[PDB]
Amino acid sequence: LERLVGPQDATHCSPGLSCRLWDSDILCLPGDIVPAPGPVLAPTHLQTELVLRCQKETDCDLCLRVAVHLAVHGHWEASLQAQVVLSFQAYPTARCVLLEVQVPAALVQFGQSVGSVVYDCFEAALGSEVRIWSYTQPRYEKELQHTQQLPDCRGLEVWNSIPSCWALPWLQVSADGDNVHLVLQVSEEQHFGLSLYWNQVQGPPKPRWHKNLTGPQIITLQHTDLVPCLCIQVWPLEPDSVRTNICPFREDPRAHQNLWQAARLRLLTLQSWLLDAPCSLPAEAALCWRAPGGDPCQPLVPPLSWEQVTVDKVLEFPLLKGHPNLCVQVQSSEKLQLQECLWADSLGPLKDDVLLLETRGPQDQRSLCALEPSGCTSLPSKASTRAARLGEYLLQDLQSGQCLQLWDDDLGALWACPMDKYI
Amino acid sequence: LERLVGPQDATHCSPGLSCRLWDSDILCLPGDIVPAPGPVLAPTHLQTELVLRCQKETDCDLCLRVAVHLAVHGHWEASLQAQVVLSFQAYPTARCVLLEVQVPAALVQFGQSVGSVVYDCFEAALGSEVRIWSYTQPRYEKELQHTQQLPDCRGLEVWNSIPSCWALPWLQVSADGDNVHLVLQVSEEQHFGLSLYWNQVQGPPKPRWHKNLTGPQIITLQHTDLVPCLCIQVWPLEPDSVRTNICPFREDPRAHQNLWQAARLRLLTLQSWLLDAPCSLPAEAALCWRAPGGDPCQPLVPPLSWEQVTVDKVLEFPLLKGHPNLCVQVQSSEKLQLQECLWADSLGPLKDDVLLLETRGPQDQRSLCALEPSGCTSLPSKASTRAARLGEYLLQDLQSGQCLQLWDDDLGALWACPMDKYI
Amino acid sequence: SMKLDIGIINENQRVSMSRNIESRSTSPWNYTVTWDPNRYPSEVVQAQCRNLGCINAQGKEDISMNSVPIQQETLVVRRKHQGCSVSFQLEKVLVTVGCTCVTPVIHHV
Amino acid sequence: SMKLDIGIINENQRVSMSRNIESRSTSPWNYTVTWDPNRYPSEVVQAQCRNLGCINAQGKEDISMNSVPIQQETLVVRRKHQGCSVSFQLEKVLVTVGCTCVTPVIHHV
């Protein structure tokens, strides 16, 4: 049965069979196969049942009940006897058991099964592979080998009937005090180690906090840590303890809030930039044209496109030169998150320059348009906007080479022309 | 003596003492101390001598000769006898030896030394620590323990009397064929692994070549590898083989030649640059002013200084803005090695701009000088040089703000003014 | 010769706790089961390092480190037969129990 | 009981080659010599991992990896006394031989 009383080894067996235990962890040797001088007892096959051995209600081992069927083999010619060894190897340990069995002369039928004998039991750790051998002494036939596998702590039998499966550093979260709290309902005497890391995708290592502790404990989170990939790792301070990994911020709102709050754009070369962020979220990027008025930065799509940018990886510009009025806009989930103008300290601040977009029509003509806040206006135009009133002077500026080229194509080009001469 | 014949164990002893060997790697147990029923033989102290055991002239083990002095202790009351065990522990192995000793009744003097017995020998590996115990059976006094240490393969005794110390992958160098050759005079059947690395100082890892081989072999070197810190590492393909490290290019001339040939300057930010080199040699750096004429780049010391630059580490400029005529000169051992103008593709090529150096005299005056190839010339000057003829126009250009400031100080400043208006 | 009792004193300790050490190790090893019916234990497990180097975070071999066996001397019992006078004799067997990752010896000139 | 011969068969092999494994290992260990005069071997060396984590290239502890002991069951001989009828009995001792560096188990939800 599943639970057995105190660790007294036990052997029972079939009706009418005599069975005595000799187990002193005995020395077991199968030796060579000798011929049978008449009828011998011989084991037919092996079988195993999983049991539990509790010495106190607290300490319970996984115990393996072994059984062996017996038949009468050998030569044919008043009751029979034998002694059978059950060897139990389960790296690193091993234990052997010797059983004495008598079978009466009335159950002696040459060529049938005469009964079976059952031993409880072999203790073994969780999830350990167990070789079990069985043989008569002396050995008249081949040995009996069985290779089994015990269940993990996961598995209804184990974790329900075993109390030893519950040393979990139980974790709870409490974001109610305007901050976030981590509660560790463990035992008072629990020594354990705790790690807070930023779970990057490719190249995961990003440690953030490490501590040896003796809980239970409640840890408070800083506003700089709440990012999506912020994950927790816990384990008791024991040799080869098992570590628990959880990411409860995978979809916290303030997590993404602080994540994009902490993201930064930083220039490398004139034609290479970099994005810094605690976590790695999907995002697209594109260059933007910012007027000196302030925020109304019109993205340059077309002739550009939103290219994917990955955190901690370089994206390269397609520009010929940089300009103080060239920002970079970074969106994620099709929502503008970051807007940083990377040339504002190297070449800035924003100059009073108008952006022009020329399109090479058929026959390699050239038609020009000026990107104003109210969309683009073709030149020359009859409007009262600042660009249309002075469009002729702007064309004179371009065809004299006074404008700065920023992008060249086969059927398109971009320019910027200063306006300080008219103001 | 140093070399002994075939591995027959041997025991000899003092004049008049009978000594028989029983060593079958016997089971040795000191057990408890029993009282002495009259006089007993008792070991006084232990001593060791280092020997060599050769079974064939090829295979020789380090062997340790053990000896023990005997006295007569116990109670005082026809010849005496005893059996003494020498235990030899040397992790991981251990071996025990039993000796039978008779001493005649005429040498029996209570309170003196009665002789000594010598056993050859205990084989042990090189440089292995050896515990040696000795005790009588039965044991009447405390045990005898000695802790010794055997010599390394280095050590005249070992490497001279042992042939097993010579598996060296012998290395030779041959730079005669206009290239460099590495010859590995080993045995034909020698399996070994070979590594060529660039021996950096801080953060050493810089692998360059890895190969499993079965030598002997001759390896040819490419012109891109001959650098000072190029080092070789060799070891036979055996468990825990010993690896040899050698750096024969520490002072090869063509090594440094190719090293500075491969060094590169590369811009990060406008005010940060980087030096790439296979090895890490000491070097100083300073900004330089290059005329459009070509090579005659005059270093800007003063007002600058040669700052140390380390390979694979950033150095930061002290400039306000970059200029196409600003190169960086890098010297080592006070000899100009590299000269690279880092703004020649971002803002270049060289502009027709004259460099000016103003010095704020007392009362915050301003006196100006122009850096020409023939040193500096104060302005205004009466010479026929291009700067002195047009010095008045240059002062007019500066005081109108048309010149570009590059460095500001409390008592100094640097400027660059374009010259296209006069040519 | 002396009397050797058939029962084996058992320590009773069950300190055994790790699992799949041989695969989780940075110096992984494989096992070889040697079998002898006239030897106790009949099954003797011999380990063997899988590689010369050690396994890095990416699962690739690192030849800058060496996998080395840990060997220990142990005792087994040999069954001997000389007709009716069955006797037993102790025998020393060297068992490789597992491997560890060590730094190679760097001799230099 | 049966006859146990006093001589111990020796393998004669001298495979023993590494040196200072315990210190060169990435999972270094310390040794504890246990002594018993009525036990063979009288000296039983027990290893103990020095740290929980493993030692990195800089010589600092790395808690992302675990040092774990390798334990093996071995046999020793116990000397027993019952006056003149000296007898011997086998005894199983669990010996920690060294340590290895393993990756910790990462259970997750």
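Rules and cut-offs
Residues numbered from 1 in each chain as written, not as in the entry; some residues may be left out. Chains lettered and ligands numbered in written order. Heavy atoms only, no water. Residues with missing side-chain atoms left out of burial classes, pairs and counts. Buried < 20%, exposed > 50% of the residue type's maximum accessible area, 1.4 Å probe, protein only. Helix = DSSP H or I, 4+ residues; strand = E, 2+ residues; numbered from the N terminus. Arc of directions from axis to C-beta. Polar contact = N/O pair within 3.5 Å; in protein donor to acceptor, adjacent residues only side chain to side chain. Domains from an automatic or database assignment. Contact = heavy atoms within 4.5 Å. Buried area = accessible area lost by both parts, 1.4 Å probe. Salt bridge = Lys/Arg side-chain N within 4 Å of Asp/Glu carboxyl O. Least-squares fit on C-alpha atoms. Pairing = 2+ DSSP bridges. Disulfide = S-S within 2.5 Å. UniProt positions renumbered as here; feature names shortened; annotations may be inferred. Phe/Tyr/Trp six-rings, centres within 6.5 Å; stacked < 30°, edge-to-face > 60°. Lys NZ or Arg CZ within 6 Å of the ring centre and 35° of its normal. Axes fitted to C-alpha atoms, helices over the stretch in contact; angles between N-to-C directions.

Structure determination for the deposited model, as stated in its record, used X-ray crystallography, and the stated resolution is 3.6200 Å.

All names here are of chain B. Taken together, the buried positions of helix α2 (residues 253-262) are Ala255, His256, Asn258 and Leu259. Buried positions in α2, seen along its axis, are confined to an arc of 165° and lie on one side of it. Its side-chain oxygen at 3.4 Å from the backbone nitrogen of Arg254, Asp252 defines the N-terminal cap of α2.

As far as domains go, chain A holds domain 1 (3-161), domain 2 (170-252), domain 3 (263-340) and domain 4 (353-418). Using only C-alpha atoms to locate each centre, domain 1 of chain A and domain 4 of chain A end up separated by 95 Å.

Take the interface of chain A and chain D next. Contacts between the two partners involve 18 residues from chain A, matched on the other side by 18 residues from chain D. Summing both partners gives a buried area of about 1500 Å² for chain A against chain D, and 54% of it is carried by carbon and sulfur. For the interface between chain A and chain D, the tally reads 1 salt bridge. Where chain A meets chain D, there are 9 residue pairs in polar contact.

Before going further, it helps to examine the relation of the copies chain C and chain D. Laying chain C over chain D is done by rotating through 180° and shifting 0.0 Å along the axis; what remains is an RMSD of 0.0 Å. These values place the two chain copies in the arrangement generated by a two-fold rotation axis. Residue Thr100(C), judged by its C-alpha, is the member of chain C lying nearest the rotation axis, at 2.5 Å. A share of 100% of the interface residues of chain C reappears at the interface of chain D, consistent with the copies meeting face to face through the same patch.

What follows deals with the pairing of strand β19 (residues 273-276) of chain A. Residue and element names in this part refer to chain A. What you see with β19 is a clean split: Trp273 and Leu275 sit on the buried side and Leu274 and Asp276 on the side with no burial. Sheet analysis places strand β18 (residues 264-267) next to β19, joined by 4 bridges and oriented antiparallel. Residue pairing across strands places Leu265 opposite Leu275, the latter belonging to β19. From the end of β18 to the start of β19, which pair antiparallel, there are 5 residues.

Here we come to the interface of chain C and chain D. Tallying the contact residues gives 50 residues for chain C and 50 residues for chain D. For the chain C and chain D pair, buried surface summed over both sides reaches about 4900 Å², with 58% attributable to carbon and sulfur atoms. Seen at the junction of chain C and chain D, the total is 2 salt bridges. Linking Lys80(C) and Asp5(D) is a salt bridge whose minimum nitrogen-to-oxygen distance equals 3.3 Å.

Turning to unusual backbone geometry, a few remarks are in order. Trans peptide bonds make up the majority, and among non-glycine residues the majority have a negative phi. The peptide bond linking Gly348(A) to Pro349(A) adopts the cis configuration, its omega dihedral lying at 0°. Along the chain, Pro349(A) turns up in the loop between β24 (336-340) and β25 (353-359). That bond from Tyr91(B) to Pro92(B) is cis: its omega, 10°, falls within 30 degrees of zero. Although it is not a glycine, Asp312(A) sits at a positive phi angle of roughly 65°. Position of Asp312(A) relative to the elements: it lies in the loop between β22 (307-309) and β23 (326-331). Judged by relative accessible area, which is 43%, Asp312(A) ranks as partly exposed. Notably, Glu334(B) is not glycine yet its phi reads approximately 60°, a positive angle. Here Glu334(B) shows up in the loop between β23 (326-331) and β24 (336-340). Assessed through its relative accessible area of 60%, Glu334(B) is described here as exposed.

On to the UniProt feature "disulfide bond" in chain C, then. All names here are of chain C. Taking the pair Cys49 and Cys99, which UniProt gives as a disulfide, the gap between the sulfur atoms is 2.0 Å, short enough to count as bonded. Placement of the pair is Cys49 in strand β4 (residues 43-49) and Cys99 in strand β8 (residues 87-102), with a sequence separation of 50 residues. The buried category is assigned to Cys99, whose relative accessible area is 0%. Of the UniProt disulfides, the one joining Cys54 and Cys101 is satisfied here, as the sulfur distance of 2.0 Å falls under 2.5 Å. Linking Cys54 in strand β5 (residues 54-55) with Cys101 in strand β8, this pair joins segments that are 47 residues apart in sequence.

Our next topic: the packing of aromatic side chains. The full count for this structure, using the stated rule, is 20 aromatic pairs over all chains. Considering the side-chain rings of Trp159(A) and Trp166(A), the 6.1 Å spacing of their centres and the 80° angle between planes classify their relative orientation as edge-to-face. According to the relative accessible area criterion, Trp159(A) is partly exposed, its value standing at 35%. When its relative accessible area of 47% is taken as the criterion, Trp166(A) is described as partly exposed. With a centroid separation of 5.4 Å and an interplanar angle of 50°, the aromatic rings of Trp76(B) and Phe110(B) are classed as tilted. In textbook terms, an aromatic cluster arises when at least three aromatic residues are bridged by ring pairs, as seen for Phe88(A), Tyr119(A) and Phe122(A). Across the ring face of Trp235(A), the terminal group of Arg243(A) is positioned such that the distance to the ring centre comes to 3.6 Å.

A word on the side chain of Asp5(C). In this structure, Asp5(C) sits in strand β1 (residues 2-9). Aside from chain neighbours lying at most four places away, what touches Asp5(C) is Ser1(D), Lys80(D), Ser87(D), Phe88(D) and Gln89(D).

Attention now goes to the sheet that holds β25(A). Residues and elements named next belong to chain A. Taken together, 5 strands build an open sheet; the order of strands is β27-β26-β25-β29-β28 and the sheet is antiparallel. The two strands at the open ends of the sheet, each matched to only one other strand, are β27 (376-379) and β28 (404-408). Shown here is a sheet whose adjacent strand axes are inclined to one another by a mean of 30°, direction ignored. Two elements, strand β26 (residues 367-371) and β27, share 4 bridges in a ladder whose sense is antiparallel. Looking at the pairing, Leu371 lines up with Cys376 of β27.

All names here are of chain A. Formation of the UniProt disulfide linking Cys153 with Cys165 is confirmed by an inter-sulfur distance of 2.0 Å, under the 2.5 Å limit. Note that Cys153 is positioned in the loop between β10 (144-149) and α1 (156-161) and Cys165 in the loop between α1 and β11 (170-174), a separation of 12 residues in sequence. Using a relative accessible area of 14% as the deciding quantity, one classes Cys165 as buried.

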